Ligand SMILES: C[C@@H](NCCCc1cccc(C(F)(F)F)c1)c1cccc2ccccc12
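Take a look at this single chain, the form solved without the ligand, given in structure tokens.
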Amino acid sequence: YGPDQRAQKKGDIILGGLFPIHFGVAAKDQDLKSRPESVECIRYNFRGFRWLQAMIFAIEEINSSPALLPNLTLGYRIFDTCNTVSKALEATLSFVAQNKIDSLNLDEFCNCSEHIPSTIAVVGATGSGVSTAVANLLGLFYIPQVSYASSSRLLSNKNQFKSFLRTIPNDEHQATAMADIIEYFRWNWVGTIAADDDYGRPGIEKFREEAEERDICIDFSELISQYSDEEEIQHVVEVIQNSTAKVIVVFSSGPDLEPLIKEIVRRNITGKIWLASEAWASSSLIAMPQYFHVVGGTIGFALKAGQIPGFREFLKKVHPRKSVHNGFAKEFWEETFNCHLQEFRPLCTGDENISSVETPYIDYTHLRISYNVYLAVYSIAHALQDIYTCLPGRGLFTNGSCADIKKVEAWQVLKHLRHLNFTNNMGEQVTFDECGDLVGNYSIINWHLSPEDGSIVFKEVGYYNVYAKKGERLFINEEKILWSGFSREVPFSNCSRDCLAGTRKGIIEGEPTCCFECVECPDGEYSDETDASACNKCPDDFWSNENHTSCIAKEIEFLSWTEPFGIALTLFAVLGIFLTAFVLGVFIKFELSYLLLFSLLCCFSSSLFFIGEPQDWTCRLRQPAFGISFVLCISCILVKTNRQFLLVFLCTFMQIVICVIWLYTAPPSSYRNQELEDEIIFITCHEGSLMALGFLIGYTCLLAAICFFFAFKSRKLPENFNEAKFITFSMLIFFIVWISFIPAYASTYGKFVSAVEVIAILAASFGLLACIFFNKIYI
């Protein structure tokens, strides 16, 4: 009863089933003026008819093989749910009719003897919005429902759907796999689209939850349906166009993506790569050749294929007349041959060849969901077998006493179906968990266009092994992947382009972490990585390059010790020492000959002892350059004609006491200065407050000035061949040198702050011997 398009066959134990022979109900909506009537289904699903044949075929195989359920035949009352909850509930209200005694004792059948004989276990409700609505009605009467296709995670809640097992993997793994793919191809800017029913809605939240532990920032997220209006479809395609993201993760069903794909083709939005859910990655509505402008390269998923023997030869044995136990055969015949079967449209002779036309009923390469239908009805058969072959004192019920077969109930088959452990025709073990589902391995496919009259071929490009360890589960042989149909290079679908090794990452306000700008950082930056979020600072003896990469450029070494700028002045000091020694020899052979020669040679020999990079001793040894000058300027008071002479320690010991007092105040330490930035590693010796200045003013500007007022009366007096005149000329040379010293010493730094003093001491002590020794010798 119920609907009047059944597929019915009597038997001892009646199964029942629910299959999607059409794709939907008609678009007519009632205004409720007239009394409402049953809505008529519109499209046709040859894949759904193949699923129905796979159920019926395995029931004939169980009734054929006598090693499984002997002297007991299986019937079935297979209905058709046109992918709608109402058409499914009209069927599963006729499934539970004899069981409807427990609340309504007022059934009292009164229209049949066996009273619509009680279904033991229903196999069906493909959609997950349909299984959720049928498993609520098959949960009061405890009839087990073994669904072959519904694969949402809401149905794995065994406090509400108390009797629901399924032979298709959960979708907690597929939303992990679609994040592993996006992580593996190094994308971080994707968008999601999900069908608004119980399949896409809790299956895109798992992808959102598992693509933010990988940094898979989501761009947009829209929900579609198969009954959405034109404003909603236009809004979804405007969000697709208004964005810049090439990976679109579509977690939807077959005919829910149809109004979006039609309109995206009609508006020609090319470039995106569609990661596909399992429900539409092998679909005879989206894989159509004229959609291949926008739908190509769609890396999808598919379940593990099966092998059913004799099934393809059983599919061709169909007929609208020889099949008396199949009410859908006439509708399939008329829809596949464009006939009109008589018992615009020509009358059908009924002698056609089924292998002649091209249709998804017989043009298939792998059984994937049809094998799940076969496996579900074999699961119910292998539970009825264990009820059949149970010995007393051994079973599963209370006190081990198992139940009979001739009066078997639905909850006993549910109890045995929970504890199921059997083997297929492929040697695999099938067992339902505590949440009642199987576990399987996905085989990632790709959408290629066959270049000889073929529609679309699905080329397998890897797997997804769910048994392996977390992290190593995905294998993508990416030399078979044709990006957007024809290309070969992996497309760029990041948000902002990853900047180079000279720049850092700077963010925009109101945009995610996955989108930045990239600016350069200054002054000791050294962005050593490629995408560093903050470039560091260099060590103090290093400075950044021109391209702002790793700072291998060190700072200065400004010393000029043996350089060709200081070595020539050292040669001048050696020439002064040699010219002094050649006069000392002529003064020895041929106190003003001992001290005013020895300290005079010291003032020109220790003046070469202030070059190079200074240190503690080379920074404390600047005091002899004045202490020896104060003793070598004693000739101006010792060689005069106004001459008890060995009391030069009335000034030399004063200078020595000044030096011994000032060596603690002006410290014996070079001080490295930071005046420039790039190459500024200095050494400047940092005289304290007044020490060397007071020492110079009290010796080298005081003795030569106290000699000045004493020799100004003798400058116009020649004596001993004008010795006073030559002393005054050397004193004028010394005054010119000490006038030239101080401003050039004040207005220089570093390399040129010592080369003024060391040149001025040379220029004074060379004149103070060349004006005097030559005139005293050559006369």
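The term rigid core refers to the most C-alpha atoms you can superpose between the two forms while keeping them within 1.5 Å. Position 1 is the first residue in the sequence shown; the rest follow in order.
Not on display, but discussed next: the form solved in complex with the ligand.
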Item to complete: Using the partner position in the bound PDB entry, report whether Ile742 sits within 4.5 Å of the ligand, counting heavy atoms only.
Response: yes
Is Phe752 close enough to touch the ligand in the bound PDB entry, meaning at least one heavy atom pair within 4.5 Å? no
message = Is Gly627 near the ligand? Define near as a heavy atom within 4.5 Å, in the bound PDB entry.
response = yes
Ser484 within 4.5 Å of the ligand in the bound PDB entry, heavy atoms:
no
The stretch from 664-672, 354-362, 320-328, 694-702 that lies within 4.5 Å of the ligand in the bound PDB entry, judged by heavy atoms, is 694-702
Residue within 4.5 Å of the ligand in the bound PDB entry by heavy atom, from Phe311, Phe610, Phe682, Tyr371, is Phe610
Checking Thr298, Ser544, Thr132, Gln623 against the ligand in the bound PDB entry, the residue with a non-hydrogen atom inside 4.5 angstroms turns out to be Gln623
Of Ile62, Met731, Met55, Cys41, the residue whose C-alpha shifts by 2 Å or more between the shown form and the other one, after superposition on the rigid core, is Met731
*asked:* Rigid core aligned, does the Cα position of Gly306 differ by 2 Å or more between the shown form and the other one?
replied: no
Next on the checklist: Does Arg153 move appreciably between the shown form and the other one, meaning a CA displacement of 2 Å or more on the superposed rigid core?
Outcome noted: no
Original post:
Do you see a C-alpha shift of 2 Å or more at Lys537 between the shown form and the other one, with the core held fixed?
Top reply: no
